[PDB]
Amino acid sequence: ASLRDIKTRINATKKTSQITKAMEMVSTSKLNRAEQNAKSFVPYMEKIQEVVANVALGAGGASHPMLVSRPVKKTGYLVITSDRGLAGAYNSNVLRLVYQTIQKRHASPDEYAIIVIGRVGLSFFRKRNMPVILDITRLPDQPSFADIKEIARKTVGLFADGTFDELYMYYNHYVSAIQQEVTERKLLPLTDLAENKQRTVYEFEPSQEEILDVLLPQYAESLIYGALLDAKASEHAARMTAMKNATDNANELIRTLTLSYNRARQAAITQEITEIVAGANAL
Amino acid sequence: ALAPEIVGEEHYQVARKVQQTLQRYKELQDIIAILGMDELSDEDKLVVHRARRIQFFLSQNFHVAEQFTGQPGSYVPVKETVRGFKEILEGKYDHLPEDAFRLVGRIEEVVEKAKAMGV
Amino acid sequence: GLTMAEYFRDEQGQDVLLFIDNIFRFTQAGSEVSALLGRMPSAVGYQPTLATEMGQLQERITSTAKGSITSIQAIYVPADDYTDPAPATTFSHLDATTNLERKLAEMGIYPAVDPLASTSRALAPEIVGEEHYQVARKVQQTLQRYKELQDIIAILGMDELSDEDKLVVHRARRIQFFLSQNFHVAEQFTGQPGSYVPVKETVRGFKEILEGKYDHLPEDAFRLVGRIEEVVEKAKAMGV
Amino acid sequence: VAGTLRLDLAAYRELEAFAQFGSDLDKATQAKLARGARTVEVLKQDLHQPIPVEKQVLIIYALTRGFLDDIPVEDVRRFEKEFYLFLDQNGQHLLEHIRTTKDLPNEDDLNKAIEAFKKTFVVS
Amino acid sequence: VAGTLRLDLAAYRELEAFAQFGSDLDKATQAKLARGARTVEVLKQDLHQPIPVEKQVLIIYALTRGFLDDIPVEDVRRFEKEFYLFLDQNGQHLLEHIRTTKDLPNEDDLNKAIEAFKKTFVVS
Numbered sequence: 002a003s004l005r006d007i008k009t010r011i012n013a014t015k016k017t018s019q020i021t022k023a024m025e026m027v028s029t030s031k032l033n034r035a036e037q038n039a040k041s042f043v044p045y046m047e048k049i050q051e052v053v054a055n056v057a058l059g060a061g062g063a064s065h066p067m068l069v070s071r072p073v074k075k076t077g078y079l080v081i082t083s084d085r086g087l088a089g090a091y092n093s094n095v096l097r098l099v100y101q102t103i104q105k106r107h108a109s110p111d112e113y114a115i116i117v118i119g120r121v122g123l124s125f126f127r128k129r130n131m132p133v134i135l136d137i138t139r140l141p142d143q144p145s146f147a148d149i150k151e152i153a154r155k156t157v158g159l160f161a162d163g164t165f166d167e168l169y170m171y172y173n174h175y176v177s178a179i180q181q182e183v184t185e186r187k188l189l190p191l192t193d194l195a196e197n198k199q200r201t202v203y204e205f206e207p208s209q210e211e212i213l214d215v216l217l218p219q220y221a222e223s224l225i226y227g228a229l230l231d232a233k234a235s236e237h238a239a240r241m242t243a244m245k246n247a248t249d250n251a252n253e254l255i256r257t258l259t260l261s262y263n264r265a266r267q268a269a270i271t272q273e274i275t276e277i278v279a280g281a282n283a284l
Numbered sequence: 353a354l355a356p357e358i359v360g361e362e363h364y365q366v367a368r369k370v371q372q373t374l375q376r377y378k379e380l381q382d383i384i385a386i387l388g389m390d391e392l393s394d395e396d397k398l399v400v401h402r403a404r405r406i407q408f409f410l411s412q413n414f415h416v417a418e419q420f421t422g423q424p425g426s427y428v429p430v431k432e433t434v435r436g437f438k439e440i441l442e443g444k445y446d447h448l449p450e451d452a453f454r455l456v457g458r459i460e461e462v463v464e465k466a467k468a469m470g471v
Numbered sequence: 232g233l234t235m236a237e238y239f240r241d242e243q244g245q246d247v248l249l250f251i252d253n254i255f256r257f258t259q260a261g262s263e264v265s266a267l268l269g270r271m272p273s274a275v276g277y278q279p280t281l282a283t284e285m286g287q288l289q290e291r292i293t294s295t296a297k298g299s300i301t302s303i304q305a306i307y308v309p310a311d312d313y314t315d316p317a318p319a320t321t322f323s324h325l326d327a328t329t330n331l332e333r334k335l336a337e338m339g340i341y342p343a344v345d346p347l348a349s350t351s352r353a354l355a356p357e358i359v360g361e362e363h364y365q366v367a368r369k370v371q372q373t374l375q376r377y378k379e380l381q382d383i384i385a386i387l388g389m390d391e392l393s394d395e396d397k398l399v400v401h402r403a404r405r406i407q408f409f410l411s412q413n414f415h416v417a418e419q420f421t422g423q424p425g426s427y428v429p430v431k432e433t434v435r436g437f438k439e440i441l442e443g444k445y446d447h448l449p450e451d452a453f454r455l456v457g458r459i460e461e462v463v464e465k466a467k468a469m470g471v
Numbered sequence: 378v379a380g381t382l383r384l385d386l387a388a389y390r391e392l393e394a395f396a397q398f399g400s401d402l403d404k405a406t407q408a409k410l411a412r413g414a415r416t417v418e419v420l421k422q423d424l425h426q427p428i429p430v431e432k433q434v435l436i437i438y439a440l441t442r443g444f445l446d447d448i449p450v451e452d453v454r455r456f457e458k459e460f461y462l463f464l465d466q467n468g469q470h471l472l473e474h475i476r477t478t479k480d481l482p483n484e485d486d487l488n489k490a491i492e493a494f495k496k497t498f499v500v501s
Numbered sequence: 378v379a380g381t382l383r384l385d386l387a388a389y390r391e392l393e394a395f396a397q398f399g400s401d402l403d404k405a406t407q408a409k410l411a412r413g414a415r416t417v418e419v420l421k422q423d424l425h426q427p428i429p430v431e432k433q434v435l436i437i438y439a440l441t442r443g444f445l446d447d448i449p450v451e452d453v454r455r456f457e458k459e460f461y462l463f464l465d466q467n468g469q470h471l472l473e474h475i476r477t478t479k480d481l482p483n484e485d486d487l488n489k490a491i492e493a494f495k496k497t498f499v500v501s
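Residue numbers (PDB author numbering), protein chains in the order written: chain G, 2 to 284; chain F, 353 to 471; chain D, 232 to 471; chain C, 378 to 501; chain A, 378 to 501.
In structure tokens form, the structure reads like this:
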């Protein structure tokens, strides 16, 4: 084409590379802050899981730990996706797994009801006919326990109130800084876990139907800092890697287009000189 | 000769629709190259998915080309071509692999190739 | 035209204004004349003597003891290219510049002057005044800050932006729409009669708004208004 | 009507350049995109079929006042055709008023006519 | 005294990651941004008014040795202008030594002069 077209395309590519690099530099700090936030809750989670693992021998003194439930009353699904795009496959992989699982296992519409975190998932489940409930569109970049405490509480209460048969959950696990894995998890009812040394019920009140009836809702509500924090970490890592790739591709486009610009302007110069000199020669 | 009075209403509509999808695929190419297929909306996903198969289906095996390849050529009537392109634009063949469409004649040959290889 | 104005300057000792329709056509005619006479073309086909002809025209428009001649020249820019020889050689002689924009013309903002590209050498604290300079500097800074934030908004919602920058956006809308005016000769286009605004009125109106005196007024009341009081009059007429 | 048409086109032309990054940015951008898409659909016509000025101004007024904001973007062409047929059949008084006085009819009667047509228009 | 100035200006703006500002990230970069902003402010100059090389050395040294880490950016320029006037009355021996030997004065007196002037200075 012309030098106009070539330089316009180069300028567009330059601007896009600037935007992508800025997004990456933003995302790096978010990743670091998400990691140092996830470091905070670890002792609290360890304490609560220690207490529940101590009491986990149970002897059947519990309701929801009772494994079975009303067959296929409603299957619980909890999915955590981003509230904003540009993350690559972060939302797509999880939603793909969710659709595969529902269509292969719980195909009828009444067999299940799905809970979504992040507006991408609700946009998905409103684009295609799926029974979405408890949707939330906005989340803080560095959350805490109280941010969606009510959402977590109601997700727990839909199984605590007999309105579910069982509950599953889907989210990206922050495997590494650049590698992440989608997670399968049978969330409710509860299953076994790693062991803790304390076994004696030394705290003075030891009634199972008194300690459990209140501990269990909060241990279930622990899902917030169990899952959403690593989901945010995976989202930030996906953004960072995607912006890296975008910047690399933009710079490759820039080098190729400049390599074309060179021959274009060279031919233009030759045309100018030839047009002047051939007119001068004959007259 | 591309006018609804000469070629016909159906032919004219199908040709214009094919041109429109190919123009949109041309338009999306820069952002696809820069930041991947990931950021395309569900509409653009379908646009690209149809457009690549259409572009491949535009290829054909020639009778004179048999001196370069092992494939004997094909002669495709206009009505069959219109039917095949309308079917592709209609969404019937959304599951076949892209390379099944290369260097064939009628749209039936595409399904025969997709049965010879894979499923 | 230049010699007719020079008579009024030199002889009668007056002060004269020159209005030149278009200098791009003057340069085009020069290049055509040179090509007819047979000279070799210069860069992009212009005459070799472009700089000398332009200087010969532009040097006689100066002020002396007996009087002064000011000149306002309209320039056409081919295909938004400011590196074309005609504008690039007329840029050397000017004291003030003014870039008019299709983009601002479409939004209904006349006279469509770009407030950021427009520069002048009279915008100095010792010439126009300290308060005027401060006001103009703040207006320019706020407008440029608004320009930058717009592309951030285009990818990340304004609900994400910080409170102070939202204030900057709020005030920049008012400033941008207040820069517009209604003209006398705009009656033939719209029916709305024009206005004339003194420089003190301008600087005071822009000291307000920036101060925050008119944040509650809607943006649509500021367009093509004239003096600041007319903004309040229109707002009252709209019940707001 | 053309003054509002220009701004409606310009807003969409400004927003279109960023569609690759930010979607569902706000209600304002959603409304702007819908209006611009319907504007583009309106400003489209086939070969060797000219349109009289009164019908042009009526369809542009109908678009710019928001009566098409509840019609799917794919059906605007057929809406225009059926609206032209309806205007020929029944709203002859409005067409004659425009053709005689070079001015719009009273907006109460024009709103009545548009509403009456929309009450019978079928959407697919 | 030029090396620290060059490195600080480099960190401030050549690393254009300190130019886009999409977020805070102020834990590690706050000191670099602060001293770079102060460097840019102290490097400004009025129309004409060329200042002598010894006064340039004094002000650059004061910038580089952290003496402006607590002076606000809006008052940096007035601090400099008052510093030159204070020098004309109290740092004559420092200026004389700099002029004669092209070297920095003894760190004792050099630090003491700025330490006294900082106390004499009014923050606002």
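Quick reminder that beta carbons are idealized off the backbone N, C-alpha and C, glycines included.
Taking the beta carbon of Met-389 of chain F as the centre, do at least 16 other beta carbons fall within 10 Å, making it buried, or is it exposed?
Along the second sequence, one-based indexing puts residue 389 of chain F at 37. Result: exposed.
* Buried versus exposed call for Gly-89 of chain G [16 or more other C-beta atoms within 10 Å across all chains shown] -> The residue labelled residue 89 of chain G in the question sits at position 88 within the first sequence. The residue in question, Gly-89 of chain G, is buried, as its Cβ has 16 or more Cβ neighbours within 10 Å.
Subject >> Within 8 Å, strictly: CB atoms of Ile-406 of chain D and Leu-374 of chain D >> reply: Residue 406 of chain D sits at position 175 when you count from the first residue of the third sequence. Residue 374 of chain D sits at position 143 when you count from the first residue of the third sequence. Cβ atoms of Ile-406 of chain D and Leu-374 of chain D: closer than 8 Å.
May I ask you to report which of helix, strand or coil DSSP gives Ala-39 of chain G? Taking the first residue of the first sequence as 1, we reach residue 39 of chain G at position 38. Of the three classes helix, strand and coil, the one that applies to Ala-39 of chain G here is helix, per DSSP.
Per the contact definition of three or more C-beta pairs closer than 8 Å, is the segment 26 to 46 of chain G in contact with the segment 261 to 272 of chain G?
no
Residue from C:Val-378, C:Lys-404, C:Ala-414 and C:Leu-382 with nearest C-alpha to residue 328 of chain C: An answer regarding residue 328 of chain C cannot be provided, because it is not within the stretch 378 to 501 covered by chain C.
Check residue 1 of chain G in the structure and name its three-state DSSP category. With chain G covering 2 to 284 only, the question about residue 1 of chain G has no answer from this structure.
Would you kindly work out how many angstroms separate the C-alpha atoms of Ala-310 of chain D and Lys-8 of chain G, rounded to a whole number? If you number the third sequence from 1, residue 310 of chain D lands on position 79. If you number the first sequence from 1, residue 8 of chain G lands on position 7. Rounded to the nearest angstrom, the two C-alpha atoms are 14 Å apart.
Paired residues, beta bridge with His-174 of chain G - DSSP: Position 173 of the first sequence, counted from the start, is the residue given in the question as residue 174 of chain G. The partner list for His-174 of chain G (beta bridge, DSSP) reads G:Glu-182.
Item to complete: Note down, one range per segment and in chain order, each alpha helix (DSSP H) of at least 4 residues found wholly within the segment 415 to 467 of chain C.
Response: 430 to 441 and 453 to 466
Check your understanding: DSSP beta-bridge partners for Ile-81 of chain G?
Key -> Along the first sequence, one-based indexing puts residue 81 of chain G at 80. Looking at the DSSP assignment, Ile-81 of chain G forms a beta bridge with G:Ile-118.
Endpoints, beta strand (DSSP E) assigned at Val-247 of chain D: On the third sequence, residue 247 of chain D is found 16 positions in, with the first residue counted as 1. Per DSSP, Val-247 of chain D belongs to the beta strand (DSSP E) from 246 to 251.
Problem - Cβ-based contacts, 8 Å cut-off: residues of the segment 238 to 259 of chain G near chain A - result: none
Contact criterion: CB-CB distance below 8 Å. Does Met-338 of chain D meet it with respect to chain C? The residue labelled residue 338 of chain D in the question sits at position 107 within the third sequence. Output row for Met-338 of chain D: interface = yes.
Would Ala-232 of chain G and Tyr-172 of chain G qualify as a contact pair, given that the criterion is a beta-carbon distance under 8 Å? Counting from one through the first sequence, the residue named residue 232 of chain G turns up at place 231. Counting from one through the first sequence, the residue named residue 172 of chain G turns up at place 171. Closer than 8 Å, so yes.
message = DSSP three-state label for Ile-491 of chain A, please.
response = For the purposes of this step, residue 491 of chain A is taken as residue 114 along the fifth sequence, with counting starting at 1. Helix.
Looking only at its own chain, which residues have a Cβ that is under 7 Å from the Cβ of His-415 of chain D, when we skip the five neighbours before and after it? Here residue 415 of chain D refers to the residue found at position 184 when the third sequence is read from its first residue. Here the set comprises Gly-425.
Could you tell me which chain A residues have their CB closer than 8 Å to the CB of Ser-30 of chain G, listed as they occur along the chain?
Residue 30 of chain G sits at position 29 when you count from the first residue of the first sequence. Going along chain A in sequence order, the residues near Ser-30 of chain G (Cβ under 8 Å) are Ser-400, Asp-401 and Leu-402.
Against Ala-281 of chain G, what residues of chain D qualify as contacts under a CB-to-CB distance less than 8 Å, listed in chain order? Here the question's residue 281 of chain G lines up with position 280 in the first sequence. Simply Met-271.
(request) Measuring only between beta-carbons, confirm whether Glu-391 of chain F sits less than 8 Å from chain C. (result) Looking up residue 391 of chain F in the second sequence gives position 39. Interface residue, yes.
What residue range does the beta strand (DSSP E) around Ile-300 of chain D cover? As a first step, residue 300 of chain D is located in the third sequence; it is residue number 69 there, counting from the start. Looking at the DSSP string, the run of the beta strand (DSSP E) that includes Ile-300 of chain D is 299 to 304.
Counting C-beta neighbours from all protein chains within 10 Å, is the total for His-237 of chain G 16 or more, i.e. buried, or is it exposed? Here residue 237 of chain G refers to the residue found at position 236 of the first sequence. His-237 of chain G should be labelled buried.
Can you give me the Cβ contacts of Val-399 of chain D inside the same chain, cut-off strictly under 8 Å, excluding the 5 residues immediately before and after it? Taking the third sequence and counting its residues from 1, one reaches residue 399 of chain D at position 168. If we look at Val-399 of chain D and ignore the five residues flanking it on each side, its Cβ neighbours are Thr-373, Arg-376, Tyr-377 and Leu-380.
- Could you give the distance in angstroms between the alpha-carbon of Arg-120 of chain G and the alpha-carbon of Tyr-45 of chain G? In the first sequence, counting from the first residue as 1, residue 120 of chain G sits at position 119. In the first sequence, counting from the first residue as 1, residue 45 of chain G sits at position 44. If you take the alpha carbons of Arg-120 of chain G and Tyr-45 of chain G, they lie about 29 Å apart.
Looking only at its own chain, which residues have a Cβ that is under 6 Å from the Cβ of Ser-265 of chain D, when we skip the five neighbours before and after it? Counting from 1 along the third sequence, the entry for residue 265 of chain D is found at position 34. Excluding residues within five positions, the ones whose Cβ falls inside 6 Å are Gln-278.
Just list the residues that DSSP pairs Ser-351 of chain D with in beta bridges. Taking the first residue of the third sequence as 1, we reach residue 351 of chain D at position 120. In the DSSP output, where bridge partners are listed per residue, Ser-351 of chain D has D:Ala-327.
Cβ pair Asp-385 of chain C, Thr-416 of chain C closer than 8 Å = Taking the first residue of the fourth sequence as position 1, residue 385 of chain C is located at position 8. Taking the first residue of the fourth sequence as position 1, residue 416 of chain C is located at position 39. Against a cut-off of 8 Å, the Cβ pair of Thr-416 of chain C and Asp-385 of chain C comes out as a contact.
Are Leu-189 of chain G and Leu-216 of chain G close, meaning C-beta to C-beta below 8 Å? Position 188 of the first sequence, counted from the first residue, corresponds to residue 189 of chain G. Position 215 of the first sequence, counted from the first residue, corresponds to residue 216 of chain G. No, these two residues do not count as a Cβ contact at 8 Å.
Item checked: Residue from D:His-401, D:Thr-421 and D:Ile-383 whose Cα sits closest to the Cα of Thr-21 of chain G -> Indexing the first sequence from 1 puts residue 21 of chain G at position 20. When only C-alpha atoms are compared, the closest one is D:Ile-383.
Chain D contact residues for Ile-277 of chain G, given Cβ-Cβ distances below 8 Å: Your numbering for residue 277 of chain G matches position 276 in the first sequence. Simply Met-271 and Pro-272.
Going by beta-carbon coordinates alone, are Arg-458 of chain D and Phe-408 of chain D separated by less than 8 Å?
Stepping through the third sequence from its first residue, residue 458 of chain D is reached at position 227. Stepping through the third sequence from its first residue, residue 408 of chain D is reached at position 177. No, Cβ-Cβ distance for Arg-458 of chain D and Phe-408 of chain D is not below 8 Å.
Report task. Report the residue from G:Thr-192, G:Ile-81 and G:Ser-109 whose alpha carbon sits nearest the alpha carbon of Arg-139 of chain G. Result -> Here residue 139 of chain G corresponds to residue number 138 of the first sequence, with the count starting at 1. Selected option, being the one with the closest Cα: G:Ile-81.
- prompt: Would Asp-315 of chain D pass as a contact of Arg-352 of chain D if the rule is Cβ separation under 8 Å?
  reply: Taking the third sequence and counting its residues from 1, the one referred to as residue 315 of chain D is at position 84. Taking the third sequence and counting its residues from 1, the one referred to as residue 352 of chain D is at position 121. No; because the gap between Cβ atoms is not below 8 Å, this pair is not in contact.
- prompt: Pick from G:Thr-17, G:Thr-164, G:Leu-58 and G:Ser-145: whose alpha carbon is nearest that of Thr-201 of chain G?
  reply: If you number the first sequence from 1, residue 201 of chain G lands on position 200. Nearest of G:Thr-17, G:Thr-164, G:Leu-58 and G:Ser-145 to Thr-201 of chain G, Cα basis: G:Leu-58.
Tell me, please, whether the CB atom of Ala-394 of chain A is closer than 8 Å to any CB atom in chain G?
Residue 394 of chain A sits at position 17 when you count from the first residue of the fifth sequence. By this cut-off, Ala-394 of chain A is an interface position.
query: Between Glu-182 of chain G and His-174 of chain G, what straight-line distance do the alpha-carbon atoms span, to the nearest angstrom?
result: Working through the first sequence from its first residue, we reach residue 182 of chain G at position 181. Working through the first sequence from its first residue, we reach residue 174 of chain G at position 173. Answer to the nearest angstrom: the Cα atoms are 5 Å apart.
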